Every structure is written in structure tokens, then in C-alpha cells.
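Have a look at upload.csv below; it lists CSV, C-alpha atoms and all ligand atoms.
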chain,number,residue,atom,x,y,z
A,1,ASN,CA,-11.7,-3.2,-0.8
A,2,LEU,CA,-10.1,-4.6,-4.0
A,3,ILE,CA,-7.7,-1.6,-4.5
A,4,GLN,CA,-6.5,-2.1,-0.9
A,5,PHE,CA,-6.1,-5.9,-1.6
A,6,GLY,CA,-3.8,-4.9,-4.5
A,7,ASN,CA,-1.8,-2.6,-2.3
A,8,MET,CA,-1.5,-5.5,0.3
A,9,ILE,CA,-0.2,-7.9,-2.4
A,10,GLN,CA,2.6,-5.4,-3.2
A,11,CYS,CA,3.4,-4.9,0.5
A,12,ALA,CA,3.7,-8.7,1.2
A,13,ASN,CA,5.8,-9.5,-1.9
A,14,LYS,CA,8.1,-6.5,-1.4
A,15,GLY,CA,7.3,-5.2,-4.9
A,16,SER,CA,8.5,-8.4,-6.6
A,17,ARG,CA,5.4,-8.6,-8.9
A,18,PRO,CA,2.5,-6.3,-9.8
A,19,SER,CA,-0.8,-7.0,-8.3
A,20,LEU,CA,-2.6,-7.0,-11.7
A,21,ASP,CA,-0.5,-10.2,-12.5
A,22,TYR,CA,-2.8,-12.0,-10.0
A,23,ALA,CA,-6.1,-10.8,-11.3
A,24,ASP,CA,-6.8,-13.7,-13.7
A,25,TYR,CA,-4.7,-16.7,-12.6
A,26,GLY,CA,-5.5,-20.4,-12.5
A,27,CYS,CA,-9.0,-21.6,-11.7
A,28,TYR,CA,-9.6,-19.4,-8.7
A,29,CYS,CA,-7.9,-16.0,-9.0
A,30,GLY,CA,-10.5,-13.7,-10.6
A,31,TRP,CA,-14.1,-14.3,-11.3
A,32,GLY,CA,-15.7,-17.4,-9.9
A,33,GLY,CA,-13.6,-20.5,-9.1
A,34,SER,CA,-14.2,-24.2,-9.8
A,35,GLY,CA,-12.4,-27.5,-9.9
A,36,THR,CA,-9.0,-28.3,-8.4
A,37,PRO,CA,-6.6,-25.4,-8.2
A,38,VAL,CA,-3.7,-25.8,-10.6
A,39,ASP,CA,-0.8,-24.9,-8.3
A,40,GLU,CA,0.2,-23.3,-5.0
A,41,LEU,CA,-0.8,-19.8,-5.9
A,42,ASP,CA,-4.2,-20.9,-7.2
A,43,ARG,CA,-4.6,-22.7,-3.8
A,44,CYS,CA,-4.2,-19.3,-2.2
A,45,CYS,CA,-7.0,-18.0,-4.3
A,46,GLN,CA,-9.3,-20.9,-3.5
A,47,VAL,CA,-8.8,-20.1,0.2
A,48,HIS,CA,-9.4,-16.4,-0.6
A,49,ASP,CA,-12.6,-17.2,-2.5
A,50,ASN,CA,-13.9,-19.2,0.4
A,51,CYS,CA,-13.1,-16.4,2.8
A,52,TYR,CA,-15.1,-13.9,0.6
A,53,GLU,CA,-17.9,-16.5,0.6
A,54,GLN,CA,-17.8,-16.5,4.4
A,55,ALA,CA,-17.7,-12.7,4.5
A,56,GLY,CA,-20.8,-12.6,2.3
A,57,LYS,CA,-22.7,-15.0,4.6
A,58,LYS,CA,-21.9,-12.5,7.4
A,59,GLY,CA,-23.6,-9.7,5.5
A,60,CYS,CA,-20.3,-8.2,4.0
A,61,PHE,CA,-19.6,-7.0,0.5
A,62,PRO,CA,-15.9,-7.9,0.6
A,63,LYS,CA,-15.1,-6.1,-2.7
A,64,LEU,CA,-16.4,-2.9,-1.2
A,65,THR,CA,-15.6,-3.1,2.5
A,66,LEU,CA,-13.3,-0.2,3.4
A,67,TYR,CA,-11.0,-1.3,6.1
A,68,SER,CA,-7.8,0.2,7.7
A,69,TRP,CA,-4.5,-1.6,7.3
A,70,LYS,CA,-0.8,-0.8,7.4
A,71,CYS,CA,2.2,-2.2,5.6
A,72,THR,CA,4.6,-3.0,8.4
A,73,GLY,CA,7.7,-5.1,8.3
A,74,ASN,CA,6.6,-6.1,4.8
A,75,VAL,CA,3.4,-7.6,6.3
A,76,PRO,CA,-0.1,-6.3,5.6
A,77,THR,CA,-1.5,-5.6,9.1
A,78,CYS,CA,-5.1,-5.0,9.8
A,79,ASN,CA,-6.0,-2.0,12.0
A,80,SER,CA,-9.7,-2.4,11.5
A,81,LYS,CA,-12.3,-2.6,14.2
A,82,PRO,CA,-14.5,-5.7,14.3
A,83,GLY,CA,-17.2,-6.7,11.9
A,84,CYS,CA,-16.9,-6.8,8.1
A,85,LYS,CA,-14.0,-4.4,8.2
A,86,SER,CA,-11.9,-6.7,10.4
A,87,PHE,CA,-13.1,-9.9,8.7
A,88,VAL,CA,-12.5,-8.8,5.1
A,89,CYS,CA,-9.2,-7.2,6.0
A,90,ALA,CA,-8.1,-10.6,7.4
A,91,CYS,CA,-9.2,-12.4,4.2
A,92,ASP,CA,-7.0,-10.0,2.1
A,93,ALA,CA,-4.0,-9.9,4.4
A,94,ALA,CA,-3.9,-13.7,4.5
A,95,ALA,CA,-4.2,-14.0,0.8
A,96,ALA,CA,-1.5,-11.3,0.2
A,97,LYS,CA,0.9,-13.3,2.5
A,98,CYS,CA,0.0,-16.5,0.7
A,99,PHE,CA,0.6,-15.0,-2.8
A,100,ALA,CA,4.0,-13.7,-1.7
A,101,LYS,CA,5.3,-17.1,-0.6
A,102,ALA,CA,4.1,-19.0,-3.7
A,103,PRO,CA,5.9,-19.2,-7.0
A,104,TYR,CA,4.2,-17.3,-9.9
A,105,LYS,CA,3.9,-19.5,-12.9
A,106,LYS,CA,3.1,-17.7,-16.1
A,107,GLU,CA,1.8,-20.8,-17.9
A,108,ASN,CA,-1.0,-20.7,-15.3
A,109,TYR,CA,-2.0,-17.1,-16.0
A,110,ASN,CA,-5.2,-16.3,-17.9
A,111,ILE,CA,-6.0,-19.9,-18.7
A,112,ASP,CA,-9.1,-21.2,-20.4
A,113,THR,CA,-11.1,-22.0,-17.2
A,114,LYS,CA,-13.8,-23.9,-19.0
A,115,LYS,CA,-11.1,-26.3,-20.4
A,116,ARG,CA,-8.9,-26.6,-17.3
A,117,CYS,CA,-11.1,-26.2,-14.3
A,118,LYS,CA,-13.0,-29.2,-12.9
B,1,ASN,CA,-4.2,10.2,5.4
B,2,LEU,CA,-1.0,9.5,7.3
B,3,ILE,CA,-1.5,5.7,7.4
B,4,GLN,CA,-2.0,5.7,3.6
B,5,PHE,CA,1.1,7.8,3.2
B,6,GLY,CA,3.1,5.2,5.2
B,7,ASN,CA,1.7,2.6,2.9
B,8,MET,CA,2.8,4.6,-0.1
B,9,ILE,CA,6.3,4.8,1.3
B,10,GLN,CA,6.5,1.0,1.5
B,11,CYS,CA,5.1,0.8,-2.0
B,12,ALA,CA,7.8,3.0,-3.5
B,13,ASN,CA,10.7,1.6,-1.6
B,14,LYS,CA,9.7,-2.0,-2.0
B,15,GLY,CA,9.5,-2.3,1.8
B,16,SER,CA,13.2,-1.7,2.2
B,17,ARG,CA,12.8,0.8,5.1
B,18,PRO,CA,10.1,1.2,7.7
B,19,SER,CA,7.9,4.2,7.4
B,20,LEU,CA,8.5,5.3,11.0
B,21,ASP,CA,12.2,6.0,10.0
B,22,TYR,CA,10.9,9.0,8.1
B,23,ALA,CA,8.7,10.5,10.8
B,24,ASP,CA,11.4,12.4,12.6
B,25,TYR,CA,14.3,13.1,10.2
B,26,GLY,CA,16.3,16.3,9.5
B,27,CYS,CA,14.6,19.7,9.7
B,28,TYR,CA,11.4,18.9,7.7
B,29,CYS,CA,10.5,15.2,8.0
B,30,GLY,CA,7.9,15.1,10.7
B,31,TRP,CA,6.6,18.0,12.9
B,32,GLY,CA,9.5,20.3,11.9
B,33,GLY,CA,9.2,22.7,9.0
B,34,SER,CA,12.0,25.3,9.1
B,35,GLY,CA,15.6,26.1,8.2
B,36,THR,CA,17.8,24.6,5.6
B,37,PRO,CA,17.2,20.9,4.8
B,38,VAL,CA,20.1,18.8,6.0
B,39,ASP,CA,20.3,16.4,3.0
B,40,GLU,CA,18.6,15.0,-0.1
B,41,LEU,CA,16.0,13.1,1.9
B,42,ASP,CA,15.3,16.2,4.0
B,43,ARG,CA,14.7,18.2,0.8
B,44,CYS,CA,12.0,15.7,-0.1
B,45,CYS,CA,10.2,16.5,3.1
B,46,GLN,CA,10.6,20.2,2.6
B,47,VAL,CA,8.8,19.8,-0.8
B,48,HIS,CA,6.1,17.7,1.0
B,49,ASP,CA,5.6,20.3,3.7
B,50,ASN,CA,5.2,22.9,1.0
B,51,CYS,CA,2.6,20.7,-0.7
B,52,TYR,CA,0.8,20.2,2.6
B,53,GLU,CA,0.7,24.0,3.2
B,54,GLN,CA,-0.9,24.3,-0.3
B,55,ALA,CA,-3.5,21.6,0.5
B,56,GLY,CA,-4.4,23.5,3.7
B,57,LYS,CA,-4.8,26.7,1.8
B,58,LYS,CA,-7.1,24.7,-0.6
B,59,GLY,CA,-9.1,24.0,2.5
B,60,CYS,CA,-7.8,20.5,3.1
B,61,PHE,CA,-6.7,18.7,6.2
B,62,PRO,CA,-3.9,16.6,4.6
B,63,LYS,CA,-3.2,14.4,7.6
B,64,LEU,CA,-6.8,13.3,7.6
B,65,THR,CA,-7.8,13.3,3.9
B,66,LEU,CA,-8.9,9.8,2.9
B,67,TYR,CA,-8.1,9.3,-0.8
B,68,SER,CA,-7.9,6.4,-3.2
B,69,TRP,CA,-4.5,5.2,-4.4
B,70,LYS,CA,-3.0,2.1,-6.0
B,71,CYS,CA,0.5,0.7,-5.7
B,72,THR,CA,1.1,-0.1,-9.4
B,73,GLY,CA,4.4,-1.8,-10.2
B,74,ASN,CA,6.1,-0.2,-7.1
B,75,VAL,CA,4.7,3.3,-8.0
B,76,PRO,CA,2.1,4.9,-5.7
B,77,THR,CA,-0.6,6.1,-8.1
B,78,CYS,CA,-3.6,8.3,-7.2
B,79,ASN,CA,-7.1,7.2,-8.2
B,80,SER,CA,-8.9,10.1,-6.7
B,81,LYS,CA,-9.5,12.6,-9.5
B,82,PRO,CA,-10.9,15.7,-7.7
B,83,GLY,CA,-10.7,18.0,-4.7
B,84,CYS,CA,-8.7,17.5,-1.6
B,85,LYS,CA,-8.5,13.8,-2.1
B,86,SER,CA,-6.6,14.1,-5.4
B,87,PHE,CA,-4.4,17.0,-4.3
B,88,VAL,CA,-3.3,15.4,-1.0
B,89,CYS,CA,-2.8,12.1,-2.7
B,90,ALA,CA,-0.4,13.7,-5.2
B,91,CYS,CA,1.6,15.3,-2.4
B,92,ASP,CA,2.0,11.9,-0.7
B,93,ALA,CA,2.8,10.0,-3.9
B,94,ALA,CA,5.5,12.4,-4.9
B,95,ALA,CA,7.1,12.3,-1.5
B,96,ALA,CA,7.0,8.5,-1.4
B,97,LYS,CA,8.8,8.4,-4.8
B,98,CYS,CA,11.3,11.0,-3.5
B,99,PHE,CA,12.0,9.1,-0.3
B,100,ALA,CA,12.7,5.9,-2.3
B,101,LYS,CA,15.4,7.4,-4.4
B,102,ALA,CA,17.0,9.5,-1.7
B,103,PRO,CA,19.8,8.0,0.5
B,104,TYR,CA,18.9,7.6,4.1
B,105,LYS,CA,21.5,8.9,6.6
B,106,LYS,CA,20.8,7.8,10.1
B,107,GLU,CA,23.0,10.6,11.6
B,108,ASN,CA,20.2,12.9,10.4
B,109,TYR,CA,17.4,10.9,12.1
B,110,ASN,CA,15.9,12.6,15.2
B,111,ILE,CA,18.1,15.7,15.3
B,112,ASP,CA,17.5,18.6,17.7
B,113,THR,CA,15.5,20.8,15.3
B,114,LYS,CA,15.5,23.7,17.8
B,115,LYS,CA,19.3,23.8,17.5
B,116,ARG,CA,20.0,22.7,14.0
B,117,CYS,CA,17.2,24.2,11.9
B,118,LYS,CA,17.8,28.0,11.8
C,201,CA,CA,-12.2,-16.3,-7.5
C,202,CA,CA,7.4,18.7,8.3

C-alpha cells encoding of this file:
Amino acid sequence: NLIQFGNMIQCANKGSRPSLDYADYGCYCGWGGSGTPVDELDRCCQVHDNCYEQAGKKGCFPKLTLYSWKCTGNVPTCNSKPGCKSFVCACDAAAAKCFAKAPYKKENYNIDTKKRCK
Amino acid sequence: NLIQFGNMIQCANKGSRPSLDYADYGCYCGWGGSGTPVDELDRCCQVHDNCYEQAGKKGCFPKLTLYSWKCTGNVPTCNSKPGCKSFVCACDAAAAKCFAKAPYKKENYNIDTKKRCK
């Protein structure tokens, strides 16, 4: 679920930045997502958006799915069983890893998505 | 539950030390629960053992309790508000913070607790 995703983000970036910092970023991080991502981190979110889309087509509610995961060697690691739990956990762990490698750019945080996204 | 606790430990210590390093340490970290704690870290585990005993007496199974928690700016924070979930979460959050500020001394890892703990 989304609280677990936030926990994963902190795991992957070794506490370098709070997970709330990623909640409304670029064109894709946060509600909806449209246009060309504005930078590397936003590209992570576009991928994540598409993964949640694919989870939804498989009958999952990715914001709600309660999976099992472990922060090990600074990598979010899915324990979960198959199905939605495995699938959504994979979406989140992947995004967490992607966020962690990408540079955070404050100028791209909380942007006017109607003006900058398409 | 124990997996979540491991995740809290990584949250509080910014992933600087694996969770397993704390599973058999001193007289109190892990299955042990007797004698005089061997150092500052071991004292954290003594407090955590006491907390788990209190949880049990509240009717909780602390190793199993499945709570809701958020790693917020490197601080494990309980979201669960009532019952065993909130109480056990608090035990774990406090220990995770305690572990992160205590110095780890490998000479106290995996000691013979039958011999050194009373
Ligand atoms: Ca989005
Ligand atoms: Ca113990």
C-alpha cells in the first residue's frame, strides 16, 4: 500500500530524503500524469504510473494492496506471494530504487501541471 | 510484527547496519531476556523485552501483531491508534530509535547467554 511505498522510498535512499517530498513532483508523481516527464525522477514516476495501470487491469487496487516486504542491504525486497501482492510490491520496490538513484530537483516539485504537462 | 520491526530498524539507522545484526546480541537482543545488559545497545533490548512483556499482558502477541507505521524523515512513526497494534508499534519504534543512537560492539554479538547473563 501507499504507506509501505513511502517506507520503501526511505529504505532505498538510505534516509537521504523524506518520502513526502516525492508526493507531488513533476508531471507524474502524485495524482494523474500526462505529457512528457520533466526530468529523471519524473520518469521514474511515469514508469510507476504505468505499473499501477497494469496492476489495475489485473484486478488490483495498488494503493490498497497489503504486501510483505523487507528492507535489506538498503534495497526494498518483496516477500509477497503471487498475485496482486507480488505485482504491486514489485511496482513499488522498482520505483523506490529508481527514485533513490535520481537527482531530486526542487524546482520540479509541486509544479502547475496544467501549464507544464503536455 | 518482526519483519516490520526490522524495517523500522533500517528506517532509524538510515540503513547503516543490517537488522539481523541485532537478532542475537548481548543478554537481551533476541531470544535472551535475563541478567545485566552488557552495554548501551543491550540496554535498548532490555527495555524492548519489558515492553513486549507488557504487550503480552495486554493480551498481544508482539512478534505477530500487524500494525501500521511510517518512516517519516528517518523516524519510525506509528499510525495505528488503538489496541495491540498501537502498543506493539510503540515498543518497536522506541527500540529502533534506541538502536540507531547506541554504539554497536561486535564483541557483544552472539555471546553465550547461558554463561554471561546471570
Ligand atoms: Ca501519477
Ligand atoms: Ca530478548

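Using all atoms listed in the file, residues with at least one atom at most 10 Å away from any atom of ligand CA 202 (chain C) are residues 23, 24, 25, 26, 27, 28, 29, 30, 31, 32, 33, 34, 42, 45, 46, 47, 48, 49, 50, 52 and 53 of chain B.
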
One number please: CA of residue 96 (chain B) to CA of residue 92 (chain A), in Å, one decimal.
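Separation of CA of residue 96 (chain B) and CA of residue 92 (chain A): 23.5 Å.
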
What residues in chain A have any atom no more than 6 Å from chain B when counting only C-alpha atoms, and can you write them as a PyMOL selection string?
chain A and resi 7+14-15+18+71+74

Find the distance between CA of residue 83 (chain A) and CA of residue 97 (chain A) and write it in Å to one decimal.
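Those two atoms sit 21.4 Å apart.
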
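Taking CA of residue 38 (chain B) and CA of residue 64 (chain B) as endpoints, the distance between them is 27.5 Å.
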
From the options A:60, A:66, A:98, A:51, which residue's atoms come nearest to ligand CA 201 (chain C), counting only C-alpha atoms and all ligand atoms?
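The shortest atom-to-atom distance to ligand CA 201 (chain C) comes from A:51.
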
Residue with the minimum atom-to-atom distance to ligand CA 201 (chain C), picked from A:82, A:89, A:113, A:57 with only C-alpha atoms and all ligand atoms counted, is A:113

Polymer residues at most 9 Å from residue 118 (chain B), all atoms listed in the file, same-chain spacing of 2 or more positions, as a PyMOL selection string:
chain B and resi 34-36+113-116

Kindly indicate which residue among A:1, A:106, A:100, A:37 lies nearest to ligand CA 201 (chain C), using all atoms listed in the file for the distances.
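Going through A:1, A:106, A:100, A:37 one by one, the smallest distance to ligand CA 201 (chain C) is for A:37.
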